[PDB]
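Undergrad: Take this structure first; my questions come after.
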Amino acid sequence: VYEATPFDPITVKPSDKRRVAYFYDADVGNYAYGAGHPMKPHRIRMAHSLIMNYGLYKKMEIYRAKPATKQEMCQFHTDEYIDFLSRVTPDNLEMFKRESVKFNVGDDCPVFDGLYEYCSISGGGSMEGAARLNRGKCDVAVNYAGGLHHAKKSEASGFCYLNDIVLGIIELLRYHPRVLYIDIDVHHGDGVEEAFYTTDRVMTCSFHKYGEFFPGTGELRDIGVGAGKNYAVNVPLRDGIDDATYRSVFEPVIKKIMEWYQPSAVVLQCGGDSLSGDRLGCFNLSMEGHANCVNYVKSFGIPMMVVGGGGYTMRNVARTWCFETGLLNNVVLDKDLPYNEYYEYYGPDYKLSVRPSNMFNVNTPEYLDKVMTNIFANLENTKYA
Amino acid sequence: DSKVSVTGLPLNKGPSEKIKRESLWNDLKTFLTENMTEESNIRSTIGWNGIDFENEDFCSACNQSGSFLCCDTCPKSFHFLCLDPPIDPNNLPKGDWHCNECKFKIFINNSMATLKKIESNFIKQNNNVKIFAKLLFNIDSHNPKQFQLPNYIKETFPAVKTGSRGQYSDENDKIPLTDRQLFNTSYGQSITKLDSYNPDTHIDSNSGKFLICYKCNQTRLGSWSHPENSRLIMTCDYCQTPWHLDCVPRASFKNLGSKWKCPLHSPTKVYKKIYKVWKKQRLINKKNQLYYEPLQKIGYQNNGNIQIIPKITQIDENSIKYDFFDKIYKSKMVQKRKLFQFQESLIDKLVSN
Amino acid sequence: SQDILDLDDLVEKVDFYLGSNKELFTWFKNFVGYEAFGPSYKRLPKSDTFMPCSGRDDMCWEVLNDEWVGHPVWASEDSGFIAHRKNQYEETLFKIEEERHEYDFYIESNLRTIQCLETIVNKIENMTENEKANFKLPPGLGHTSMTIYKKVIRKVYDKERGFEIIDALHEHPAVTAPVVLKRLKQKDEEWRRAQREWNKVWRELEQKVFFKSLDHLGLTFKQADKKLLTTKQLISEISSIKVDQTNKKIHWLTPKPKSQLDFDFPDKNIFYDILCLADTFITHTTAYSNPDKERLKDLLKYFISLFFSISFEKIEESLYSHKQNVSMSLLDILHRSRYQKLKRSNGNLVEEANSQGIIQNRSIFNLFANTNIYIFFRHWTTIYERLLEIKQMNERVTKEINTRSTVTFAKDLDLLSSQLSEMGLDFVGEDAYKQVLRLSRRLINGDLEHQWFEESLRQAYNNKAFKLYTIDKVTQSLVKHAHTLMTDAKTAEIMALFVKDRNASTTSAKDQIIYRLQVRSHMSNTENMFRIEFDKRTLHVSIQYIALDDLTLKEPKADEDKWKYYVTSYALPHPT
Amino acid sequence: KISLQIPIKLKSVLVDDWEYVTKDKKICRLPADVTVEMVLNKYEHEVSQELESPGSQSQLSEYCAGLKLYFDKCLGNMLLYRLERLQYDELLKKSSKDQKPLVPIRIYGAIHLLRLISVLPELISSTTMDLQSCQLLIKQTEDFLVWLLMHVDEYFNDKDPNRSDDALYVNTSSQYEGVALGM
Ligand SMILES: [Zn+2]
Ligand SMILES: [Zn+2]
Ligand SMILES: [Zn+2]
Ligand SMILES: [Zn+2]
Ligand SMILES: [Zn+2]
């Protein structure tokens with residue numbers, strides 16, 4: 001069903017108007033990771049500056065969500081896991097030589113310190129965003145601090161120590177009947193999918209690279225078991241996918257999902273490792289090729305939340321999230337960056353544009369045709385909600 | 001504060017002349033925020049309050065590495081689950097801990113006379129089990145260990161080999177990538193996953209001819225002044241019949257864990273779903289397998305363990321032809337008779353009206 | 001058949017065998033009368049789905065999922081997770097951003113604790129001495145973050161001494177807060193000065209490696225044009241299309257596959273530009289002599305004019321105008337003696353088969369070629385296709401270069417790379433394609449280094465025009481193969497026969513047959529044959545591989561033309 | 001060197017166990033439905049129903065008691081893979097919680113007893129036992145193995161625990177591999 005088509009530039013929809021809410025805790029960036037490893041909250045400060053210097057704060061309300069307590073964290077995790085996280089620190093690691101192995105919290109993804117603090121900040125941000133979405137206060141919640149899909153129930157893998165996506169999704173599911181999670185991060189969000197594998201009130205759609213690639217999960221046959229059959233949509237791609245290919249895959253699949261499943265609330269994970277030049281992600285998307293997905297989801301006009309995610313090169317993810325918050329305010333930003341504290345990050349062009357590489361797009365139209373045919377055949381069964 | 005960081009020098013210090021020589025050629029608006037953020041605690045759950053002998057570095061019970069408690073009289077070290085009883089690391093034994101071997105030796109005081117005396121007394125006590133008295137005594141004499149199958153069960157089946165740590169390796173394990181230690185070095189960037197290269201990928205190596213795909217019957221090579229018409233041929237590991245990654249819908253080069261098996265292998269497990277299990281046994285070599293060519297070939301059942309020729313039972317093409325057509329025609333007659341019973345019951349209930 | 005395998009499972013397992021044949025498999029469908037489905041998740045026994053889970057309400061048991069487990073050690077088969085390549089220049093571009101993250105981390109943390117110490121000192125100052133005597137600071141110092149100040153103090157205060165000053169400040173703020181605040185202020189000012197005096201070098205080393213690490217297909221194009229442009233691969237691509245065409249012809253429902261290679265030439269001026277490139281190269285080249293140089297130029301010009309039906313005077317006037325704005329028959333060329341002399345001088349069924357089919361007003365022409373002419377025409381098509389790509393991007397690229405609003409605030413602080421604007425390699429707002437041509441000529445003659453030309457084409461054509469990186473090596477190749485048509489006697493005579501056929505305006509089928517036979521007489525049986533069919537109306541070129549017993553012309557559509565072809569090929573003493 | 005002749009199908013069962021309790025990361029579901037107490041009791045009972053001579057029945061019950069005592073004294077020491085021990089240890093701890101001592105004969109299934117039998121050649125080779133007693137014990141265990149080869153379709157069926165229930169094996173969680181395997 002794949003059809004290669006050119007990429008029309010992004011445009012702001014005239015009638016689709018909405019007030020958004022930008023959750024930012026002034027301390028999110030203060031905690032560095034151990035030694036230059038890929039994540040750092042720092043890329044949430046930088047983005048913020050741009051959103052401030054563009055005069056976007058006059059287009060929305062900026063909030064500060066009070067941090068999540070252990071009682072709210074445990075709505076997904078287990079107590080022993082949360083207690084261990086609450087008391088661990090680089091000083092008292094040798095005291096927990098067994099726990100660090102059972103919970104995998106002291107391995108390749110090690111604990112800096114402020115760990116519990118930063119996790120609580122992200123969780124509270126996501127949960128208050130979901131709550132304000134529920135209370136009819138706004139239509140969009142923007143939190144570039146959450147988006148930790150990789151954390152399991154009693155162990156953290158791949159840096160997502162607290163899986164705040166699931167806490168926020170439950171907070172949403174305290175009112176809303178059907179929630180649609182749209183993952184456009186290059187990786188597979190195995191945490192969320194595993195945590196909603198057997199339910200029909202949550203439909204996940206993960207556009208991820210498949211192959212011998214972390215987390216090694218997310219085939220086309222992973223379609224959910226039990227009552228959750230046909231309610232998990234994995235789209236496994238290959239390297240080098242580009243703006244026109246990604247658009248021609250995303251638009252029809254998402255339109256079909258929104259046409260048959262018909263969610264009442266959307267959670268969009270706008271991770272930044274699916275961009276060209278990122279430290280790990282092996283895609284070749286452009287900034288506008290990424291923001292087109294958010295524009296298309298917003299075109300539907302239902303309650304929607306925008307969460308952060310990966311992103312291991314701070315400059316591209318900062319510029320991307322700035323353009324995303326701009327597009328979410330119905331304003332196409334000028335590509336000349338105003339003066340900010342982190343001006344000298346974005347050399348040497350000092351422009352808002354992210355530039356794709358000439359990486360070879362390996363997704364042949366026959367493969368994507370077969371994939372989207374399989375996916376539409378699966379979605380045939382979700383017509384009756 | 002004077003301690004060097006990643007940059008090479010103290011943090012409060014500019015670049016040296018050597019770095020800047022070999023690296024050279026020759027109001028804001030987020031002042032605000034503490035004025036616009038107002039806290040949100042609109043959430044529903046806000047009610048929630050919220051002699052010096054060196055010890056061995058391998059666990060002598062399973063020969064692996066980790067954290068292990070050692071003995072004060074023998075260099076043997078044991079993990080905390082590999083003990084009798086398995087000692088919890090939270091509560092270590094206060095004082096010098098000794099292994100079962102050293103404990104036995106010190107209890108006997110290394111005198112064989114007391115050993116034979118206690119052995120005689122022990123074999124005298126449990127007369128009801130006199131066959132096992134010797135070993136029932138000898139059980140408390142040696143250190144624990146994990147259960148490794150004896151070689152005469154691993155050597156009965158040839159397709160079953162013990163891994164590097166004592167793990168099942170059933171010949172369906174690909175291979176370690178030895179020159180993939182050479183891969184971390186690599187050449188440049190023509191890496192494992194074979195991006196942008198099919199000169200010696202759409203071409204049979206030893207023969208020199210073309211690795212055709214069983215489903216489209218054309219090695220699509222395109223041109224390397226037009227490289228968007230390649231299709232990524234990969235050769236299976238069992239049959240060696242090569243497929244395109246678009247004919248076998250998979251999108252990857254299986255390179256790390258297993259051997260790729262084409263859709264041209266039958267099953268090796270079934271789940272009949274009404275959920276009965278395997279029909280294909282193990283390969284019992286050492287040349288002790290019973291090949292029995294039956295004297296009845298048209299109504300045999302015999303296994304799903306067939307071997308084809310022009311207890312594993314040989315068979316020929318015509319026998320399978322006849323069994324298959326027998327199945328088809330018997331099933332056709334069965335369906336016909338079902339429909340006929342339905343129609344006769346229907347006409348009976350119809351004339352009943 | 002032993003009732004071990006389900007029926008639908010059998011149909012599915014057989015489709016992978018006979019699904020390539022629709023008739024066999026539809027007859028099979030009519031004749032036979034015809035949990036973990038995801039391979040990554042397990043199921044855990046429902047005795048470990050019972051964990052404390054302090055605050056889970058009734059909803060998060062009805063909606064969530066505790067049974068099925070998944071982990072990146074089960075789905076990786078205990079060994080895996082291969083990664084991307086990320087060439088070295090991107091690693092040098094990542095180290096820089098890591099350095100920036102570290103410095104910014106420490107700066108902002110020191111500032112955030114400095115503000116707290118400042119407000120603490122301000123609040124303790126205006127109190128009375130008695131209140132200062134007993135004033136204590138609770139853990140956290142009235143802030144929402146408990147760890148950042150401890151971290152910064154332990155960083156600047158020798159972590160043991162860091163803890164000492166932390167507890168001394170918690171117990172005795174009125175005496176410890178001012179001195180520690182002054183220490184943090186001094187350290188912060190020093191760190192900021194070091195930060196800027198290092199931040200110059202970050203940008204300096206980012207500029208020279210940024211574009212060189214967003215296009216590194218342009219280093220899999222200096223080895224993918226010196227290894228995939230050889231004659232072996234050149235004939236291998238066309239033989240591969242031949243093999244595909246043959247093994248798909250076995251499937252009768254597959255239509256008759258077309259010619260092997262197809263090229264289209266809508267824009268003719270690119271021929272003039274290629275001739276200019278060749279002129280400059282052979283003029284610079286010292287591998288060939290001046291008389292042989294002129295032979296090469298003349299052969300190139302004349303072959304292009306003849307094949308592509310371009311008037312020689314037009315090519316001459318175009319080359320002449322090109323030479324301004326920067327400041328004899330072909331048979332006499334093929335014969336070296338003629339060149340040197342002229343350069344010093346300055347039944348009834350067969351009757352009907354041969355009468356029907358004589359093409360009047362010849363518009364389609366043919367050429368029969370050994371390896372050398374084919375490789376030469378391949379080089380030509382490769383160069384024309386690359387230059388056509390560039391000349392099709394030219395308009396958008398010029399419009400884009402015309403909108404480059406350079407930030408002067410960075411230019412005055414020498415933050416922007418003037419080095420490519422120093423050598424004049426920057427693309428001024430003039431036409432881009434002509435600048436590409438001029439730069440390629442300058443590289444060919446040796447006026448400009450390869451790396452600077454590459455980076456100019458990279459900064460003007462951000463990722464789309466890497467192909468021209470070998471515009472030297474390909475040109476040297478093409479000219480070299482032209483030198484074959486001047487020295488290879490058999491290929492020279494084949495070119496002579498081609499000229500003889502091309503000058504003829506009318507031909508019959510038997511003319512084409514005697515043409516092919518006279519050409520094949522020049523080559524052995526071990527060499528291959530390629531037929532280049534040129535269509536003057538569409539300017540199309542169709543290269544066809546020749547099977548040694550295949551026909552000279554394309555398979556006719558009518559069985560009457562088939563019988564005429566058979567009989568006219570049978571009338572000649574050559575085996576049909 | 002003492003030698004024992006296990007049937008081939010029991011060798012296949014032991015090798016499939018080697019598969020499951022190794023890199024499929026499974027463990028045996030405990031307490032198994034049919035333990036070693038029940039298995040050895042039913043075997044002794046059925047064979048005594050056939051045995052005429054009193055000395056033969058005495059030797060039968062003697063060997064059966066001895067084998068039960070070797071289960072009790074061997075399951076912990078030499079019959080558990082590295083992956084399984086935590087389970088055993090856990091049960092051990094639960095014993096100390098309820099003050100009921102752990103005797104494996106009543107908990108562990110036939111497969112660990114079959115592992116014991118498999119090792120028994122080396123055990124008896126580590127003896128000073130006389131030749132005739134060793135051969136008598138070997139013959140007794142071989143008769144038992146023939147009984148087991150007849151009942152290997154009541155005892156050792158496979159069920160693929162990922163899809164129905166109550167199989168002879170169950171899966172482990174990630175924490176289980178973490179603690180047991182890689183401490
Ligand atoms: Zn990710
Ligand atoms: Zn161990
Ligand atoms: Zn010892
Ligand atoms: Zn194919
Ligand atoms: Zn295969």
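Chain labels run A, B, ... following the order of the structure tokens; each chain numbers its residues from 1, and ligands are numbered from 1 in the order shown.
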What's around range 245-261 of chain C at 8 Å? Count only C-alpha atoms, leave out sequence neighbours fewer than 4 positions away in its own chain, and write the answer as a ChimeraX atom specification.

TA: /B:217-218 /C:238,241,542-545

Undergrad: For ligand 1, collect every residue having any atom at a distance of at most 10 Å from a ligand atom (counting only C-alpha atoms and all ligand atoms); output as an NGL selection string.

TA: :A and (39 or 147-150 or 158-160 or 184-189 or 208 or 214-215 or 271-274 or 280-281 or 309-312)

Undergrad: Kindly compile the residues surrounding ligand 2 within 9 Å, counting only C-alpha atoms and all ligand atoms, and format them as JSON, numbers by chain.

TA: {"B": [58, 59, 60, 61, 62, 63, 64, 65, 66, 67, 68, 77, 78, 79, 80, 81, 82, 83, 145, 146], "D": [82, 180, 181, 182, 183]}

Undergrad: Pull C-alpha atoms from the residues just selected and write them as a PDB file, in the first residue's frame.

TA:
```
ATOM      1  CA  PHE B  58      36.586 -19.153  39.809  1.00  0.00           C
ATOM      2  CA  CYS B  59      33.614 -20.563  41.699  1.00  0.00           C
ATOM      3  CA  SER B  60      34.756 -24.146  42.238  1.00  0.00           C
ATOM      4  CA  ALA B  61      31.137 -25.350  42.070  1.00  0.00           C
ATOM      5  CA  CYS B  62      30.320 -23.988  38.591  1.00  0.00           C
ATOM      6  CA  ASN B  63      33.677 -22.628  37.304  1.00  0.00           C
ATOM      7  CA  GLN B  64      32.375 -19.094  36.680  1.00  0.00           C
ATOM      8  CA  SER B  65      33.513 -15.689  37.901  1.00  0.00           C
ATOM      9  CA  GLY B  66      31.878 -13.305  40.352  1.00  0.00           C
ATOM     10  CA  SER B  67      31.775 -12.537  44.055  1.00  0.00           C
ATOM     11  CA  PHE B  68      32.709 -15.579  46.112  1.00  0.00           C
ATOM     12  CA  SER B  77      36.201 -20.070  46.446  1.00  0.00           C
ATOM     13  CA  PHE B  78      32.444 -20.543  46.194  1.00  0.00           C
ATOM     14  CA  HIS B  79      29.582 -18.297  45.165  1.00  0.00           C
ATOM     15  CA  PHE B  80      26.914 -17.612  47.762  1.00  0.00           C
ATOM     16  CA  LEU B  81      24.323 -19.836  46.084  1.00  0.00           C
ATOM     17  CA  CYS B  82      26.827 -22.670  45.491  1.00  0.00           C
ATOM     18  CA  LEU B  83      27.109 -23.644  49.175  1.00  0.00           C
ATOM     19  CA  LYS B 145      29.246 -28.820  42.655  1.00  0.00           C
ATOM     20  CA  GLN B 146      26.748 -28.221  39.881  1.00  0.00           C
TER      21      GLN B 146
ATOM     22  CA  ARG D  82      23.539 -23.272  38.628  1.00  0.00           C
ATOM     23  CA  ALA D 180      20.973 -16.806  40.424  1.00  0.00           C
ATOM     24  CA  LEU D 181      23.092 -16.828  37.265  1.00  0.00           C
ATOM     25  CA  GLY D 182      25.267 -13.725  37.525  1.00  0.00           C
ATOM     26  CA  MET D 183      25.751 -12.980  41.219  1.00  0.00           C
TER      27      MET D 183
END
```

Undergrad: Counting only C-alpha atoms, which residues from chain A have an atom at most 6 Å from any atom of chain B, and could you show them as a PyMOL selection string?

TA: chain A and resi 52-53+62-65+69-71+128+131+211+367

Undergrad: For N, CA and C atoms, I'd like the residues from the last selection saved as an mmCIF file, in the first residue's frame.

TA:
```
data_model
loop_
_atom_site.group_PDB
_atom_site.id
_atom_site.type_symbol
_atom_site.label_atom_id
_atom_site.label_comp_id
_atom_site.auth_asym_id
_atom_site.auth_seq_id
_atom_site.Cartn_x
_atom_site.Cartn_y
_atom_site.Cartn_z
ATOM 1 N N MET A 52 12.103 30.410 24.932
ATOM 2 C CA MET A 52 11.964 31.708 25.580
ATOM 3 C C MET A 52 12.381 32.834 24.646
ATOM 4 N N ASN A 53 13.480 32.651 23.911
ATOM 5 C CA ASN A 53 14.013 33.753 23.119
ATOM 6 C C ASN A 53 13.185 34.009 21.867
ATOM 7 N N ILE A 62 3.453 28.466 30.930
ATOM 8 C CA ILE A 62 4.579 27.660 31.385
ATOM 9 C C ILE A 62 4.355 27.326 32.855
ATOM 10 N N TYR A 63 4.325 26.031 33.160
ATOM 11 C CA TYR A 63 4.016 25.531 34.489
ATOM 12 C C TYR A 63 5.219 24.807 35.075
ATOM 13 N N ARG A 64 5.129 24.512 36.371
ATOM 14 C CA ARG A 64 6.119 23.706 37.078
ATOM 15 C C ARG A 64 5.374 22.641 37.871
ATOM 16 N N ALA A 65 5.497 21.392 37.439
ATOM 17 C CA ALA A 65 4.765 20.308 38.075
ATOM 18 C C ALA A 65 5.463 19.857 39.352
ATOM 19 N N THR A 69 5.450 11.473 44.141
ATOM 20 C CA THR A 69 5.760 10.740 45.356
ATOM 21 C C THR A 69 5.845 9.244 45.066
ATOM 22 N N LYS A 70 6.375 8.503 46.042
ATOM 23 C CA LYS A 70 6.527 7.062 45.874
ATOM 24 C C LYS A 70 5.182 6.384 45.644
ATOM 25 N N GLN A 71 4.142 6.950 46.256
ATOM 26 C CA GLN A 71 2.760 6.412 46.156
ATOM 27 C C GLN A 71 2.264 6.489 44.702
ATOM 28 N N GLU A 128 1.242 15.560 35.930
ATOM 29 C CA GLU A 128 0.478 16.801 35.962
ATOM 30 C C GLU A 128 0.051 17.216 34.562
ATOM 31 N N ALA A 131 -2.945 15.181 33.880
ATOM 32 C CA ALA A 131 -4.066 15.638 34.696
ATOM 33 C C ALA A 131 -4.680 16.913 34.134
ATOM 34 N N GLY A 211 16.226 -5.155 13.439
ATOM 35 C CA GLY A 211 17.491 -5.759 13.086
ATOM 36 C C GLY A 211 18.234 -6.098 14.355
ATOM 37 N N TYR A 367 9.179 -3.690 0.062
ATOM 38 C CA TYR A 367 9.175 -4.049 1.476
ATOM 39 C C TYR A 367 8.128 -3.258 2.243
#
```

Undergrad: Counting only C-alpha atoms, a student should be able to say which residues of chain D come within 6 Å of chain C; what is the right answer, written as a PyMOL selection string?

TA: chain D and resi 162-163+171

Undergrad: Let me see if you get this right: every residue at most 9 Å from ligand 3, counting only C-alpha atoms and all ligand atoms, written as a ChimeraX atom specification.

TA: /B:70-77,97-103,143

Undergrad: May I have the residues from that selection written out with N, CA and C atoms, as an mmCIF file, in the first residue's frame?

TA:
```cif
data_model
loop_
_atom_site.group_PDB
_atom_site.id
_atom_site.type_symbol
_atom_site.label_atom_id
_atom_site.label_comp_id
_atom_site.auth_asym_id
_atom_site.auth_seq_id
_atom_site.Cartn_x
_atom_site.Cartn_y
_atom_site.Cartn_z
ATOM 1 N N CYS B 70 35.579 -17.294 50.289
ATOM 2 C CA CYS B 70 36.709 -18.209 50.259
ATOM 3 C C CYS B 70 36.851 -18.929 51.592
ATOM 4 N N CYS B 71 37.634 -20.002 51.582
ATOM 5 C CA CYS B 71 37.967 -20.721 52.801
ATOM 6 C C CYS B 71 39.312 -20.242 53.335
ATOM 7 N N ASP B 72 39.473 -20.317 54.654
ATOM 8 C CA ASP B 72 40.706 -19.873 55.291
ATOM 9 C C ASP B 72 41.804 -20.929 55.275
ATOM 10 N N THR B 73 41.505 -22.158 54.855
ATOM 11 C CA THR B 73 42.496 -23.224 54.827
ATOM 12 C C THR B 73 42.694 -23.841 53.448
ATOM 13 N N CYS B 74 41.868 -23.492 52.465
ATOM 14 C CA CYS B 74 42.023 -24.002 51.111
ATOM 15 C C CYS B 74 41.675 -22.891 50.135
ATOM 16 N N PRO B 75 42.387 -22.795 49.010
ATOM 17 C CA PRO B 75 42.204 -21.646 48.114
ATOM 18 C C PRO B 75 40.933 -21.711 47.280
ATOM 19 N N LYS B 76 40.055 -22.664 47.573
ATOM 20 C CA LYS B 76 38.821 -22.804 46.813
ATOM 21 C C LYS B 76 37.818 -21.733 47.225
ATOM 22 N N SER B 77 37.188 -21.115 46.231
ATOM 23 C CA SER B 77 36.201 -20.070 46.446
ATOM 24 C C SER B 77 34.860 -20.508 45.876
ATOM 25 N N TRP B 97 35.389 -19.240 58.042
ATOM 26 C CA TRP B 97 34.534 -20.201 57.363
ATOM 27 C C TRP B 97 35.385 -21.209 56.602
ATOM 28 N N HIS B 98 35.042 -22.486 56.748
ATOM 29 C CA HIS B 98 35.768 -23.574 56.111
ATOM 30 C C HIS B 98 34.833 -24.331 55.180
ATOM 31 N N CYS B 99 35.387 -24.843 54.085
ATOM 32 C CA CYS B 99 34.607 -25.634 53.149
ATOM 33 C C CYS B 99 34.293 -27.006 53.747
ATOM 34 N N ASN B 100 33.437 -27.755 53.046
ATOM 35 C CA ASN B 100 33.090 -29.098 53.499
ATOM 36 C C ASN B 100 34.316 -29.998 53.554
ATOM 37 N N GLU B 101 35.217 -29.865 52.578
ATOM 38 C CA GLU B 101 36.426 -30.681 52.561
ATOM 39 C C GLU B 101 37.285 -30.414 53.793
ATOM 40 N N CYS B 102 37.587 -29.140 54.053
ATOM 41 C CA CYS B 102 38.420 -28.795 55.201
ATOM 42 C C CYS B 102 37.711 -29.098 56.515
ATOM 43 N N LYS B 103 36.394 -28.882 56.573
ATOM 44 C CA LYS B 103 35.642 -29.228 57.776
ATOM 45 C C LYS B 103 35.749 -30.718 58.075
ATOM 46 N N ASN B 143 33.202 -31.279 48.652
ATOM 47 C CA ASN B 143 32.566 -29.995 48.408
ATOM 48 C C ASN B 143 31.456 -30.131 47.371
#
```

Undergrad: Run DSSP on the backbone and tell me which residues of range 69-279 of chain B come out as strand (DSSP E or B); list them as JSON, numbers by chain.

TA: {"B": [69, 70, 77, 78, 161, 162, 168, 169, 173, 223, 226, 233, 234, 235, 242, 243, 244, 258]}

Undergrad: Taking only C-alpha atoms into account, what are the residues of chain D at most 7 Å from chain B, put as a list in words?

TA: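 So the contacting residues turn out to be residues 11, 18, 19, 22, 23, 62, 63, 65, 66, 70, 77, 78, 79, 80, 81, 82, 85, 86, 89, 119, 127, 133 and 183 of chain D.
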
Undergrad: With DSSP run on the backbone, what are the alpha helix (DSSP H) residues within range 17-81 of chain D? I'd like them as a ChimeraX atom specification.

TA: /D:17-20,36-48,54-78

Undergrad: Please build the interface table for range 239-259 of chain B against range 199-211 of chain B with a cut-off of 10 Å, listing for each qualifying residue the nearest atom pair and the distance in Å to one decimal; count only C-alpha atoms, order rows by chain and increasing number, and write it as a Markdown table.

TA:
```
| residue | atom | partner | partner_atom | distance |
| --- | --- | --- | --- | --- |
| B:240 | CA | B:211 | CA | 9.6 |
| B:241 | CA | B:211 | CA | 8.0 |
| B:242 | CA | B:211 | CA | 6.2 |
| B:243 | CA | B:211 | CA | 8.4 |
| B:244 | CA | B:202 | CA | 9.9 |
```

Undergrad: Residues of the last selection are to be written out with N, CA and C atoms, as a CSV table (one decimal), in the first residue's frame.

TA:
```
chain,number,residue,atom,x,y,z
B,240,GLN,N,20.9,-23.2,1.4
B,240,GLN,CA,21.8,-22.3,0.6
B,240,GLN,C,21.0,-21.6,-0.5
B,241,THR,N,19.7,-21.8,-0.6
B,241,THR,CA,18.9,-21.1,-1.6
B,241,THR,C,18.7,-19.6,-1.2
B,242,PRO,N,19.2,-18.7,-2.0
B,242,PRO,CA,19.2,-17.3,-1.6
B,242,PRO,C,17.9,-16.6,-1.9
B,243,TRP,N,17.5,-15.7,-1.0
B,243,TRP,CA,16.3,-14.9,-1.1
B,243,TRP,C,16.6,-13.5,-1.0
B,244,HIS,N,15.6,-12.7,-1.5
B,244,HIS,CA,15.7,-11.2,-1.3
B,244,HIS,C,15.0,-10.9,0.1
```

Undergrad: Would you mind listing what lies within 9 Å of residue 135 in chain D as a list in words, with only C-alpha atoms counted and same-chain residues fewer than 5 positions away left out?

TA: residues 2, 130 and 140 of chain D

Undergrad: Please check the contacts: residues of chain B at most 7 Å away from chain C, using only C-alpha atoms, listed as an MDAnalysis selection string.

TA: chainID B and resid 1 11:15 23:24 189 215 217:219 221:225 256:257 263:264 270 272 301 323:324 327:328

Undergrad: Can you pull out the residues contacting residue 283 in chain A? Cut-off 10 Å, using only C-alpha atoms, and skip same-chain residues under 2 positions away; I want them as a PyMOL selection string.

TA: chain A and resi 185-186+208-209+237-242+273-278+280-281+285-286+356-357+359-361

Undergrad: Distance cut-off 6 Å, counting only C-alpha atoms - which residues of chain D neighbour chain A? Return them as a VMD selection string.

TA: chain D and resid 175 178 to 179

Undergrad: Using the selection just defined, write its residues with N, CA and C atoms as a PDB file, in the first residue's frame.

TA:
```
ATOM      1  N   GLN D 175      14.886 -10.884  36.988  1.00  0.00           N
ATOM      2  CA  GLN D 175      15.529 -10.841  38.298  1.00  0.00           C
ATOM      3  C   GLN D 175      16.109 -12.199  38.668  1.00  0.00           C
ATOM      4  N   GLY D 178      19.328 -12.592  36.875  1.00  0.00           N
ATOM      5  CA  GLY D 178      20.276 -11.675  37.487  1.00  0.00           C
ATOM      6  C   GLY D 178      20.885 -12.224  38.761  1.00  0.00           C
ATOM      7  N   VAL D 179      20.040 -12.644  39.703  1.00  0.00           N
ATOM      8  CA  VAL D 179      20.550 -13.060  41.007  1.00  0.00           C
ATOM      9  C   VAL D 179      21.181 -14.445  40.938  1.00  0.00           C
TER      10      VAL D 179
END
```

Undergrad: Hey, what's within 7 Å of range 517-534 of chain C if we count only C-alpha atoms and toss same-chain stuff fewer than 6 positions away? As a ChimeraX atom specification, please?

TA: /C:364-371,374,490,494,540-546

Undergrad: Given a cut-off of 7 Å, which residues of chain A touch chain C, counting only C-alpha atoms, written out as number ranges by chain?

TA: A: 30, 32, 36, 71-72, 74-75, 77-79, 114, 194-199, 212-217, 221-223, 282, 347-348, 357-359
